[PDB]
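Below is one structure, written out as structure tokens; the observations come after it.
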Amino acid sequence: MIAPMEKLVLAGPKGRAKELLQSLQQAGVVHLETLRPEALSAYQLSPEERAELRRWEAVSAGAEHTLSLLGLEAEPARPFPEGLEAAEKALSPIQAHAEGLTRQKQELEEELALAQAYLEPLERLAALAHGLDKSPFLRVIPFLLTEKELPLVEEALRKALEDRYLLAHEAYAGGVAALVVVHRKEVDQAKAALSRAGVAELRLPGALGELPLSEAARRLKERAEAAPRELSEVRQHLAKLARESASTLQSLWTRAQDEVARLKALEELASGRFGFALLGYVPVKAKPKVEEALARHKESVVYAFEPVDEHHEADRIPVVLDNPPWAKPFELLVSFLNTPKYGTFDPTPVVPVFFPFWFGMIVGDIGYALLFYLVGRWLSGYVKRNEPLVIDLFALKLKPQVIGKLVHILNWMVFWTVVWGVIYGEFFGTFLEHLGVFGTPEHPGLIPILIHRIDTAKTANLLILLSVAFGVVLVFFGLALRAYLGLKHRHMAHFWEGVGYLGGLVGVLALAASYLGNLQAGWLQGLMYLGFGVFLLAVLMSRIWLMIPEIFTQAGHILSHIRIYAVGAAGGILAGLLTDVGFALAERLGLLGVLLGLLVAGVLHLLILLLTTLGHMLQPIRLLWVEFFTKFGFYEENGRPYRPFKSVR
Amino acid sequence: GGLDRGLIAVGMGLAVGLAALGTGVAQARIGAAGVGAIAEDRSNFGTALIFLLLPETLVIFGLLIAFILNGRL
Amino acid sequence: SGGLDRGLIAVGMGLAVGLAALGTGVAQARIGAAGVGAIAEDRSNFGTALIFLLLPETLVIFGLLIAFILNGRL
Amino acid sequence: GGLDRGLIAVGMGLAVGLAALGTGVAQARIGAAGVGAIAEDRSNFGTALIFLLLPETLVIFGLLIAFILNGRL
Amino acid sequence: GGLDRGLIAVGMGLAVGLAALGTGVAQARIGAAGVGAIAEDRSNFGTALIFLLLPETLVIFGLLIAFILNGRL
Amino acid sequence: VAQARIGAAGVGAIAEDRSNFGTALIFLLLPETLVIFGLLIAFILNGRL
Amino acid sequence: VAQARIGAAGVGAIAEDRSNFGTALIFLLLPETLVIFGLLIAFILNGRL
Amino acid sequence: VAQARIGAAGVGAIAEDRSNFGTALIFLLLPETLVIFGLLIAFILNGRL
Amino acid sequence: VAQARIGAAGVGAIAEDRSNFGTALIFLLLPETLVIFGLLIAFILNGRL
Amino acid sequence: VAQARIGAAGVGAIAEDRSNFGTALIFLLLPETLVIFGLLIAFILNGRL
Amino acid sequence: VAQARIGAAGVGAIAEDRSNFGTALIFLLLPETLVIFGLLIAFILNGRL
Amino acid sequence: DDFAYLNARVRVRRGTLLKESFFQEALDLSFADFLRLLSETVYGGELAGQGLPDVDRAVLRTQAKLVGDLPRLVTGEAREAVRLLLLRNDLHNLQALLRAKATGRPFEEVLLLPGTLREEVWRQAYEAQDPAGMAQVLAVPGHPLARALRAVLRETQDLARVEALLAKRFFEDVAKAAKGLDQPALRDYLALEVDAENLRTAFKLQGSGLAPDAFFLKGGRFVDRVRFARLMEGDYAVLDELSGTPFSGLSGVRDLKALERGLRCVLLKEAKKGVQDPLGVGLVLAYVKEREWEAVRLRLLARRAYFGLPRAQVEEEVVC
């Protein structure tokens, strides 16, 4: 339920409020409040404090960037209480060492990548040009061109001198190093002519395209021989530096984040000229620790824990879930949506009340339940390993508390799933082709089943009736909660709207079961007339022109409950057809392909279960969020968020 | 059965098929604009699913008429 | 036991399932197109995108339910 | 089966044909956006592959209806 | 045979024909995006060829159902 | 077929501004009179049946 | 239906450059296995009739 | 269906250039081969009937 | 179906310039051959009737 | 179908200029020959029976 | 199908201004001749039956 | 309408351009070698003589030949889509006409570059005492700028605050039209351009202390009004907050030249992703932006060879 979130007023000195802010950040269980304009200053405390906070924030950003360059991640742990100068001295040394090592490793990798392409070509060009490199007669433009279209480039060389303008490729058969040697200026004009024919000389980077080709190939072979050992040494040094300094950087960044959060929270204070005001909101379940922290002031400097506002107009005040531990695990799926208006109803119990009972009616396969039990054992072993739920495939990093809540929800769902699957009387599709443990009236072999789930002459009508009954009960619960919240918030429009929607739905269901359903339309004729009159009376008392579309939308939300029975029967029919085809082509085909046919049928059934059960389990919670939330509103102002001080640890 | 049962079943099947065709036709552009608003903002999901599931009433009425036909069957 | 109404009921259930899958694919075209566009935009909203992708299967489920009703009442 | 078998085969054929038509109708825009994402990068090829594989369930249901018509032929 | 084999051939033909229709409907956008990606880069031939040839399973299932009908005819 | 473009433009306008939720809802629900008239024709058919 | 968008993209690629016209014509001629299967089915139906 | 896009592109080219009438008219008249094959099959049917 | 895009592109060319009204009318009237063939086949069928 | 895109382009031209309303109305009413031929075929069918 | 594009272009021109509201209404109502022709054909068919 | 009929000639024009190797060959020239290299280019089809003015007129004529036909050869929704591509010079000419109507300069005072429609509209709007009548004379059917002028026209007659609010409303109407079409990639590129333009005008008007809500527009995705206020305040942390978005390299920079160069590089990388949509119009916008960057680089090489500018001064331009 929505907690109190009661207010907390406090008055202190400037430095005493700094101490009390450090206390209330260590006791970080109260969201803050500015309240600056009410006859006080804005607590622009000090530009020296602003500069020290900027220095600590730069230290924290440098610690984050140093963990990033070292490869470490933002792993929260206990802080390191030390001076800011000592923190800078600890941080900047390893940060500078890692930055220099990373720059050297990137430069060595770029040098190796550049040397991997022009090692053999520059060496071949220098080998052909072993005496003609830099003597001041003629340039030799080597162009790394394509395969043997050497006459298309040599057209310009034939336009040049006869027994010279040697434009050919002696070696480097992959990328043909077409050396063209004519002159200096005449070969520059011929290089312009070859570029007009389409050409590009080997203007390499570094010292390769900035020195003579013999020294270029020599430095290329030298860098090629030096790059691998230097890159491996840089990788080993980076790994050793990260493994040696990651814990110190993490503790330093934790203390830096703590002090920076203290500075940013003290920025949101209210100072009173060597006095200071403080305003917060904290839940009722932590009032004792708040009073114990407030007693730890200078002389318990004058504060008060005052009450929060009522159901009317609590806008900036946040709320909380506050569920029991048997129902606490659905709080994540509850918080996937928005928050309530601190007086709006918490429908989080309806999730654990209705979603597993619907999912067990959907998933009646006890082999799928055993696979879910094995997957829950795997998730329980992963949570016992206490690692982060890390999947680089999905790029999903989830907390271990999230995995534990998911495992608890999976166990609570698997209980009702096994219950309704034994009520369905089906296991792994159908092992009943071999071992008919669920007895049928058509095939009496063992103890009976409640619903055979392959029969539909009576089971389908009863299943549709039970699903429609559960859905109409949930719709009536949503309309009743809407009218109750309209009465509790003193909003008679919402209460009259819920009453009129309930009366219209009751009259519509009565008229349906009278005219289109069974006989004896006399006892319910006045009931349908009363439902129509109640809808018309609430329309007249509302006068909001809430037309027939709202009633038809409520009718569709009620009728959506048969989709659960449809999905359960569809999954059951698919699993029964798959198990029947496997049993036929395994046992009825000689009973010798029992193992191979059973394995192929199990692979196909696992693929079909992975393809279908995700959407099948998704549609229950989707229909629940579509029906119960929208019948209760749940899209009005989205609540206010509870954000106390961190003490991130 | 006879001959009228199969013809009524054929008509109910064509009804359900064309109603699902119209429902998917509405849901295509509905979910297109909804996923566009979802990529625009994550705070619009509270009405996106409502506007998406607003078109299922035709499928619900077609299922009601098909159940009336199966009762007539 | 008519040898003509059974084939007509099978034809009706087949037309129901086929046009239900047709409308489901018609919705799923734009659904998966916008979902893959959002996935190329960001690898952070896969859950609601897959939810919107799987939301159109209720029509195919209702068509399979009516087809199973036709198979039982054959 | 002289009158029931041919009509049931015609209905199963219409089922499988309209199901494959709708599957290709999904796969057109699905593979268009997936090929655009593959031309963007190759890092998210698995998500596009799963989105393309999501269309196979309707074809599986159509093949199941065809197998039901074959078992009831 | 007669009307049974004739309507069975009609159903198998409608299944195979609309299966090829759905395969071509997917392959239109598939080949358009694939030719756009090939014109963008020649290093995207294999993955685009896989994405183009992935839609053949519908026509394969239609051909298998038609072969089952021919074994039944 | 009407509700496709209707709900598309309505969701675009709602993403623009949520203040026109009722007007976009009325614009989306205006096409249901055809379904209501088809239901009335089917009711006249079932009464003839 | 395939060949519409296929030939549109192929003619656009050929008008872009006449350097990958062979792979464009290969992608154009790739929409033929459905017609091949239909011709095989028609031949089997002519042999079965 | 062919002549829709054919005449659209041809009228766009004609509004672009009056000298682009001949090849556009050839490309527009190219779409009559299927109609010729259909008229030949219809003549074969009228001879059969 | 042909005349939709034909008249749309012709009205676009007319909104561009009124001088090309005759070629636009010629490109519009180019598509009546299938309608004339259908009318002739209907006359042949009525003669068969 | 012929009226749709042609009248949309004509209404766009009328939004561009109200001076070419006669040519736009002529291009809009040019597709009535199909309705005239359909009424003629209906009269011929009523005369045949 | 005519009135879809007709009312779309007319709604765009009306959202521009109300300078040609009656002309846009007449251009939208231009497609009712086929509806009147179908109603007269239905009257003639009811007279035949 | 047809996003393929014009796209065939767009792919033909994408095949016919000058590569970045032609600009790297223009990195060492003295406007004669550069004039000969540009004379072989498509601007050589418009290169009348020599000089920076003749080369600039040649580049402008080549751009008007390449992109002015894109306003033609199309009709309807795709015509409006291509009209919502080259909205820079048209809005510049409209703002120049508004400044001439509110300033008192003569009708020949404006140089009147190629906008989106015929210049006779601007000539008739020179003698236009009524700004609503001037917008009605400038009212094309797909011109949303006239719609924005009519929307902001019920505030004043000719004011500069009216001009700034009309520019904000023009960006808003461009965003509404981009949302109102069946092109999510062009809408995403327009939204990225609008967010970068909001960041650019906010960083230019940073430190002014003015109303950021009067400056920030609606439609941005990578930044909000809180992000815009934190960026307009003296803090590059909001600029450091742009993580994962298209402003990847934009981190820890407070300048205007380097930030604008990075924004241009990010927009060029976003338009470079437009090759995935063959049958749409993103290839056309990619070719338009590439021709814009190439003509800007050609004019930069012309001015560099004119005033003897350093290649190190132009080395920050050759990356895009």
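Labeling convention for the structure tokens: chains A, B, ... as they appear, residues from 1 per chain, ligands from 1 in order of appearance.
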Residue contacts of residue 25 of chain H (10 Å, only C-alpha atoms) excluding same-chain residues fewer than 6 positions away, as a ChimeraX atom specification:
/H:6-7,10-11,14 /I:27,30
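RMSD over all C-alpha atoms, after superposing chain K onto chain J with atoms paired in order, amounts to 0.5 Å.
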Result of fitting chain E on chain B (Cα atoms paired in order), as a compact mmCIF listing (two decimals) with N, CA, C and O atoms, in the first residue's frame:
# COMPACT_ATOMS: atom_id res chain seq x y z
N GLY E 1 -28.30 -31.97 -40.05
CA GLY E 1 -27.15 -31.16 -40.42
C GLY E 1 -26.79 -31.28 -41.89
O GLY E 1 -27.57 -30.92 -42.76
N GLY E 2 -25.59 -31.80 -42.16
CA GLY E 2 -25.13 -31.97 -43.53
C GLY E 2 -24.77 -30.66 -44.19
O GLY E 2 -23.77 -30.02 -43.84
N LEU E 3 -25.59 -30.24 -45.15
CA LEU E 3 -25.36 -28.97 -45.84
C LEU E 3 -25.75 -27.77 -44.99
O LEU E 3 -25.19 -26.68 -45.20
N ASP E 4 -26.68 -27.93 -44.06
CA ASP E 4 -27.08 -26.82 -43.20
C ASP E 4 -25.98 -26.49 -42.19
O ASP E 4 -25.56 -25.34 -42.07
N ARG E 5 -25.52 -27.51 -41.46
CA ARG E 5 -24.45 -27.30 -40.49
C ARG E 5 -23.13 -26.98 -41.18
O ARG E 5 -22.33 -26.20 -40.65
N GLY E 6 -22.91 -27.55 -42.37
CA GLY E 6 -21.69 -27.25 -43.10
C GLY E 6 -21.62 -25.82 -43.59
O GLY E 6 -20.60 -25.15 -43.43
N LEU E 7 -22.72 -25.32 -44.17
CA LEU E 7 -22.73 -23.92 -44.61
C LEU E 7 -22.81 -22.96 -43.42
O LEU E 7 -22.33 -21.83 -43.52
N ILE E 8 -23.38 -23.40 -42.30
CA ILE E 8 -23.36 -22.58 -41.09
C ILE E 8 -21.94 -22.45 -40.55
O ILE E 8 -21.52 -21.36 -40.14
N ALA E 9 -21.18 -23.55 -40.56
CA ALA E 9 -19.78 -23.49 -40.17
C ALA E 9 -18.96 -22.68 -41.16
O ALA E 9 -18.02 -21.98 -40.76
N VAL E 10 -19.32 -22.74 -42.44
CA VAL E 10 -18.64 -21.94 -43.46
C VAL E 10 -18.88 -20.45 -43.22
O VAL E 10 -17.96 -19.64 -43.32
N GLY E 11 -20.12 -20.08 -42.88
CA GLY E 11 -20.42 -18.69 -42.61
C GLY E 11 -19.77 -18.18 -41.34
O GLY E 11 -19.23 -17.06 -41.32
N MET E 12 -19.79 -18.99 -40.27
CA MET E 12 -19.12 -18.59 -39.03
C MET E 12 -17.61 -18.49 -39.22
O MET E 12 -16.97 -17.59 -38.67
N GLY E 13 -17.04 -19.39 -40.02
CA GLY E 13 -15.61 -19.32 -40.29
C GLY E 13 -15.23 -18.13 -41.14
O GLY E 13 -14.20 -17.49 -40.88
N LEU E 14 -16.05 -17.79 -42.14
CA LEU E 14 -15.78 -16.60 -42.95
C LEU E 14 -15.92 -15.33 -42.12
O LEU E 14 -15.11 -14.40 -42.28
N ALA E 15 -16.90 -15.30 -41.21
CA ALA E 15 -17.08 -14.15 -40.33
C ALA E 15 -15.89 -13.97 -39.40
O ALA E 15 -15.34 -12.87 -39.29
N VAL E 16 -15.45 -15.05 -38.75
CA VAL E 16 -14.33 -14.97 -37.81
C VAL E 16 -13.03 -14.66 -38.55
O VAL E 16 -12.20 -13.87 -38.07
N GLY E 17 -12.86 -15.21 -39.76
CA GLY E 17 -11.64 -14.99 -40.50
C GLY E 17 -11.51 -13.58 -41.02
O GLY E 17 -10.46 -12.95 -40.88
N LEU E 18 -12.58 -13.04 -41.62
CA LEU E 18 -12.50 -11.66 -42.08
C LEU E 18 -12.59 -10.67 -40.93
O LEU E 18 -12.12 -9.53 -41.08
N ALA E 19 -13.12 -11.07 -39.77
CA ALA E 19 -13.03 -10.23 -38.58
C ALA E 19 -11.60 -10.12 -38.09
O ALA E 19 -11.14 -9.03 -37.74
N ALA E 20 -10.87 -11.24 -38.07
CA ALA E 20 -9.45 -11.20 -37.76
C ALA E 20 -8.66 -10.45 -38.83
O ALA E 20 -7.65 -9.81 -38.52
N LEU E 21 -9.12 -10.51 -40.08
CA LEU E 21 -8.48 -9.76 -41.16
C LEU E 21 -8.63 -8.26 -40.95
O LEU E 21 -7.65 -7.51 -41.09
N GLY E 22 -9.83 -7.81 -40.60
CA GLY E 22 -10.03 -6.39 -40.31
C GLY E 22 -9.31 -5.94 -39.05
O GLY E 22 -8.78 -4.83 -38.99
N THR E 23 -9.26 -6.81 -38.03
CA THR E 23 -8.53 -6.50 -36.81
C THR E 23 -7.04 -6.36 -37.07
O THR E 23 -6.41 -5.43 -36.57
N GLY E 24 -6.47 -7.24 -37.90
CA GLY E 24 -5.08 -7.09 -38.28
C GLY E 24 -4.83 -5.90 -39.19
O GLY E 24 -3.76 -5.28 -39.12
N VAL E 25 -5.81 -5.56 -40.03
CA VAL E 25 -5.67 -4.40 -40.91
C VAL E 25 -5.62 -3.11 -40.11
O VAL E 25 -4.86 -2.19 -40.42
N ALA E 26 -6.43 -3.02 -39.05
CA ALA E 26 -6.33 -1.89 -38.14
C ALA E 26 -5.04 -1.95 -37.32
O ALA E 26 -4.36 -0.93 -37.14
N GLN E 27 -4.69 -3.15 -36.85
CA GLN E 27 -3.56 -3.33 -35.95
C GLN E 27 -2.22 -3.09 -36.63
O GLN E 27 -1.24 -2.83 -35.92
N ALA E 28 -2.15 -3.16 -37.96
CA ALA E 28 -0.92 -2.82 -38.68
C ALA E 28 -0.52 -1.37 -38.43
O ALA E 28 0.55 -1.09 -37.87
N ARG E 29 -1.39 -0.43 -38.81
CA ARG E 29 -1.13 0.98 -38.57
C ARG E 29 -1.13 1.31 -37.09
O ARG E 29 -0.36 2.18 -36.65
N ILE E 30 -1.94 0.60 -36.29
CA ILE E 30 -2.00 0.83 -34.85
C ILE E 30 -0.66 0.49 -34.20
O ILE E 30 -0.10 1.29 -33.45
N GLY E 31 -0.12 -0.69 -34.49
CA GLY E 31 1.15 -1.09 -33.92
C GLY E 31 2.33 -0.34 -34.49
O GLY E 31 3.32 -0.13 -33.79
N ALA E 32 2.24 0.10 -35.75
CA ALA E 32 3.29 0.92 -36.33
C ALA E 32 3.38 2.27 -35.62
O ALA E 32 4.47 2.69 -35.19
N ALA E 33 2.24 2.95 -35.45
CA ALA E 33 2.23 4.21 -34.73
C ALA E 33 2.55 4.03 -33.25
O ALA E 33 3.19 4.90 -32.65
N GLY E 34 2.16 2.89 -32.67
CA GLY E 34 2.47 2.65 -31.27
C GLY E 34 3.94 2.39 -31.03
O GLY E 34 4.51 2.85 -30.04
N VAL E 35 4.59 1.66 -31.94
CA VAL E 35 6.03 1.43 -31.81
C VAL E 35 6.79 2.72 -32.10
O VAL E 35 7.83 2.98 -31.47
N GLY E 36 6.28 3.56 -33.01
CA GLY E 36 6.89 4.86 -33.22
C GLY E 36 6.77 5.77 -32.01
O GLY E 36 7.71 6.48 -31.66
N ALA E 37 5.63 5.72 -31.32
CA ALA E 37 5.45 6.53 -30.12
C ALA E 37 6.25 5.98 -28.94
O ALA E 37 6.70 6.75 -28.09
N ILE E 38 6.42 4.66 -28.88
CA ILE E 38 7.22 4.06 -27.81
C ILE E 38 8.70 4.36 -28.02
O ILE E 38 9.44 4.61 -27.06
N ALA E 39 9.15 4.35 -29.28
CA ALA E 39 10.52 4.76 -29.58
C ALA E 39 10.71 6.25 -29.38
O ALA E 39 11.82 6.70 -29.07
N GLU E 40 9.64 7.04 -29.55
CA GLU E 40 9.72 8.46 -29.25
C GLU E 40 9.81 8.69 -27.74
O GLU E 40 10.65 9.47 -27.28
N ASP E 41 8.97 8.01 -26.97
CA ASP E 41 8.99 8.15 -25.52
C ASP E 41 8.49 6.86 -24.89
O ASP E 41 7.48 6.30 -25.33
N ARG E 42 9.18 6.41 -23.85
CA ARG E 42 8.76 5.24 -23.10
C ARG E 42 7.61 5.54 -22.14
O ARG E 42 7.04 4.60 -21.57
N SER E 43 7.26 6.81 -21.95
CA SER E 43 6.16 7.20 -21.08
C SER E 43 4.81 7.19 -21.79
O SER E 43 3.84 7.76 -21.26
N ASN E 44 4.72 6.57 -22.96
CA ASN E 44 3.46 6.50 -23.70
C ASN E 44 3.08 5.05 -23.95
O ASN E 44 2.73 4.68 -25.08
N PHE E 45 3.17 4.21 -22.92
CA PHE E 45 2.89 2.79 -23.07
C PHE E 45 1.42 2.45 -22.82
O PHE E 45 0.84 1.64 -23.55
N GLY E 46 0.81 3.07 -21.81
CA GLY E 46 -0.53 2.68 -21.42
C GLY E 46 -1.60 3.16 -22.38
O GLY E 46 -2.50 2.39 -22.76
N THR E 47 -1.53 4.43 -22.79
CA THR E 47 -2.52 4.97 -23.72
C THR E 47 -2.38 4.33 -25.10
O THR E 47 -3.39 4.05 -25.76
N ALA E 48 -1.14 4.07 -25.53
CA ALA E 48 -0.94 3.38 -26.79
C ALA E 48 -1.37 1.92 -26.72
O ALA E 48 -1.87 1.38 -27.71
N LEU E 49 -1.21 1.28 -25.55
CA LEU E 49 -1.70 -0.08 -25.39
C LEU E 49 -3.22 -0.12 -25.42
O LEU E 49 -3.81 -1.06 -25.97
N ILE E 50 -3.87 0.90 -24.85
CA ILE E 50 -5.33 0.99 -24.91
C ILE E 50 -5.79 1.22 -26.34
O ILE E 50 -6.76 0.59 -26.80
N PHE E 51 -5.10 2.10 -27.07
CA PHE E 51 -5.45 2.36 -28.47
C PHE E 51 -5.18 1.15 -29.36
O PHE E 51 -5.86 0.97 -30.37
N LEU E 52 -4.20 0.32 -29.00
CA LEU E 52 -3.93 -0.89 -29.77
C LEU E 52 -4.94 -1.98 -29.48
O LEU E 52 -5.39 -2.68 -30.39
N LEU E 53 -5.32 -2.14 -28.21
CA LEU E 53 -6.27 -3.18 -27.83
C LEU E 53 -7.72 -2.78 -28.04
O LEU E 53 -8.61 -3.61 -27.85
N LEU E 54 -7.99 -1.52 -28.41
CA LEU E 54 -9.36 -1.11 -28.69
C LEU E 54 -9.96 -1.79 -29.91
O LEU E 54 -11.20 -1.92 -29.96
N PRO E 55 -9.19 -2.24 -30.90
CA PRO E 55 -9.79 -2.83 -32.11
C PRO E 55 -10.20 -4.28 -31.98
O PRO E 55 -10.59 -4.89 -32.98
N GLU E 56 -10.15 -4.86 -30.78
CA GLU E 56 -10.47 -6.27 -30.59
C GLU E 56 -11.97 -6.55 -30.55
O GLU E 56 -12.36 -7.72 -30.57
N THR E 57 -12.80 -5.51 -30.50
CA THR E 57 -14.24 -5.71 -30.38
C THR E 57 -14.86 -6.30 -31.64
O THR E 57 -15.87 -7.00 -31.55
N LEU E 58 -14.25 -6.07 -32.81
CA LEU E 58 -14.74 -6.68 -34.04
C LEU E 58 -14.54 -8.19 -34.03
O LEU E 58 -15.45 -8.95 -34.37
N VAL E 59 -13.35 -8.64 -33.62
CA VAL E 59 -13.10 -10.07 -33.51
C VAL E 59 -13.90 -10.67 -32.36
O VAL E 59 -14.30 -11.84 -32.43
N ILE E 60 -14.19 -9.88 -31.32
CA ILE E 60 -15.03 -10.36 -30.23
C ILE E 60 -16.46 -10.58 -30.71
O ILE E 60 -17.11 -11.57 -30.36
N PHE E 61 -16.98 -9.66 -31.53
CA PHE E 61 -18.32 -9.81 -32.09
C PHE E 61 -18.37 -10.96 -33.08
O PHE E 61 -19.38 -11.68 -33.15
N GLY E 62 -17.30 -11.16 -33.85
CA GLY E 62 -17.24 -12.31 -34.74
C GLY E 62 -17.21 -13.63 -34.00
O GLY E 62 -17.86 -14.60 -34.40
N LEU E 63 -16.48 -13.68 -32.88
CA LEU E 63 -16.45 -14.88 -32.05
C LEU E 63 -17.79 -15.12 -31.37
O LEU E 63 -18.21 -16.27 -31.21
N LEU E 64 -18.49 -14.05 -30.99
CA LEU E 64 -19.82 -14.21 -30.39
C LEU E 64 -20.83 -14.70 -31.42
O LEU E 64 -21.68 -15.54 -31.10
N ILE E 65 -20.74 -14.21 -32.66
CA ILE E 65 -21.63 -14.68 -33.71
C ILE E 65 -21.31 -16.13 -34.08
O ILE E 65 -22.22 -16.92 -34.37
N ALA E 66 -20.03 -16.50 -34.03
CA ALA E 66 -19.66 -17.89 -34.30
C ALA E 66 -20.11 -18.81 -33.18
O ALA E 66 -20.51 -19.96 -33.43
N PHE E 67 -20.08 -18.33 -31.93
CA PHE E 67 -20.59 -19.13 -30.82
C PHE E 67 -22.10 -19.26 -30.88
O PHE E 67 -22.65 -20.31 -30.52
N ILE E 68 -22.79 -18.21 -31.35
CA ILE E 68 -24.23 -18.30 -31.55
C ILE E 68 -24.56 -19.27 -32.68
O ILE E 68 -25.55 -20.01 -32.62
N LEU E 69 -23.72 -19.30 -33.72
CA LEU E 69 -23.91 -20.25 -34.81
C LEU E 69 -23.63 -21.68 -34.35
O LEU E 69 -24.30 -22.62 -34.80
N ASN E 70 -22.65 -21.86 -33.47
CA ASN E 70 -22.35 -23.18 -32.94
C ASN E 70 -23.44 -23.66 -31.99
O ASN E 70 -23.73 -24.86 -31.92
N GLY E 71 -24.04 -22.73 -31.23
CA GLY E 71 -25.23 -23.07 -30.48
C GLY E 71 -26.42 -23.35 -31.37
O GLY E 71 -27.33 -24.10 -30.99
N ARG E 72 -26.44 -22.77 -32.57
CA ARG E 72 -27.46 -23.09 -33.56
C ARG E 72 -27.10 -24.31 -34.39
O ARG E 72 -28.00 -24.92 -34.99
N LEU E 73 -25.83 -24.69 -34.44
CA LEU E 73 -25.42 -25.89 -35.16
C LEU E 73 -25.57 -27.12 -34.27
O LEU E 73 -25.34 -27.05 -33.06
Which residues come within 9 Å of residue 15 of chain G, counting only C-alpha atoms, excluding same-chain residues fewer than 2 positions away, as a PyMOL selection string?
(chain G and resi 10-13+17-18) or (chain L and resi 8-9+11-12+15)
How would the residues just picked look written out with N, CA, C and O atoms as a compact mmCIF listing (two decimals), in the first residue's frame?
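What ended up in part.txt:
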# COMPACT_ATOMS: atom_id res chain seq x y z
N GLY G 10 16.72 -3.80 -59.49
CA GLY G 10 17.78 -4.19 -60.41
C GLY G 10 18.03 -3.16 -61.50
O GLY G 10 19.17 -2.90 -61.87
N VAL G 11 16.96 -2.54 -62.01
CA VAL G 11 17.12 -1.48 -62.99
C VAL G 11 17.70 -0.24 -62.34
O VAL G 11 18.48 0.49 -62.97
N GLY G 12 17.37 0.02 -61.07
CA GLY G 12 18.02 1.11 -60.36
C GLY G 12 19.50 0.86 -60.12
O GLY G 12 20.31 1.79 -60.19
N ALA G 13 19.87 -0.39 -59.85
CA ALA G 13 21.28 -0.72 -59.67
C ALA G 13 22.04 -0.68 -60.99
O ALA G 13 23.22 -0.31 -61.02
N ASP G 17 25.21 1.85 -61.83
CA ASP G 17 26.47 1.47 -62.46
C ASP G 17 26.26 0.19 -63.25
O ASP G 17 25.48 -0.69 -62.87
N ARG G 18 26.98 0.10 -64.36
CA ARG G 18 27.05 -1.14 -65.14
C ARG G 18 28.30 -1.92 -64.78
O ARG G 18 29.14 -2.26 -65.62
N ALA L 8 15.72 6.43 -59.77
CA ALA L 8 16.62 5.92 -60.80
C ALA L 8 17.60 6.99 -61.27
O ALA L 8 18.81 6.76 -61.32
N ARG L 9 17.08 8.18 -61.57
CA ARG L 9 17.95 9.30 -61.91
C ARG L 9 18.76 9.77 -60.71
O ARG L 9 19.86 10.30 -60.88
N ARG L 11 20.02 7.65 -58.44
CA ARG L 11 21.14 6.72 -58.42
C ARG L 11 22.12 7.00 -59.55
O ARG L 11 23.33 6.80 -59.39
N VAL L 12 21.61 7.46 -60.70
CA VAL L 12 22.47 7.88 -61.80
C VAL L 12 23.31 9.09 -61.40
O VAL L 12 24.49 9.19 -61.75
N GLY L 15 25.98 7.98 -59.01
CA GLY L 15 27.12 7.44 -59.72
C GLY L 15 28.02 8.50 -60.33
O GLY L 15 29.20 8.22 -60.58
Residues within 12 Å of residue 29 of chain A, only C-alpha atoms, excluding chain neighbours under 4 positions, as a ChimeraX atom specification:
/A:5-8,21,23-25,280-291,293,642-648
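Reported to one decimal place, the separation of atom CA of residue 136 of chain A from atom CA of residue 183 of chain A is 9.6 Å.
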Please return as a PyMOL selection string: the residues of segment 4-186 of chain L that backbone DSSP assigns to alpha helix (DSSP H).
chain L and resi 5-15+20-25+33-39+52-68+77-83+87-103+119-126+131-137+144-151+160-179+184-186
